[PDB]
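To begin, one chain is listed below as structure tokens, in the form deposited in one PDB entry.
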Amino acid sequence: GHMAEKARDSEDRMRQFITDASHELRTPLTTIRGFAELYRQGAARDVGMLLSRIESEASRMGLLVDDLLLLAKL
């Protein structure tokens, strides 16, 4: 009945979140990897921009991870 429905709706919504989050974490991770490669190969300049980009991507990932943790507690 209705309580089973709410719990199920809640589980389904969480499952989708984890899907979307995981897809969205994949993108920063590929960015870090790709940029790191280019830099190692000598194809780029300003290592401070590489590290600033890594800092940015990591901060974004932090917020995604924390969103999941908080969702779990709501």
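Numbering starts at 1 and follows the sequence shown. If you superpose the two forms and keep the largest set of C-alpha atoms that fall within 1.5 Å, you have the rigid core.
The PDB entry records a higher mean C-alpha B factor for 5-13 than for its counterpart among 5-13 and 18-26. When the modelled residues of the chain are ordered by C-alpha B-factor, residue 36 sits in the lowest third.
Here the subject shifts to the form deposited in another entry, a form of this protein not shown in this document.
If you fit the rigid core between the shown form and the other one, you'll see the Cα of residue 11 move by 2 angstroms or more.
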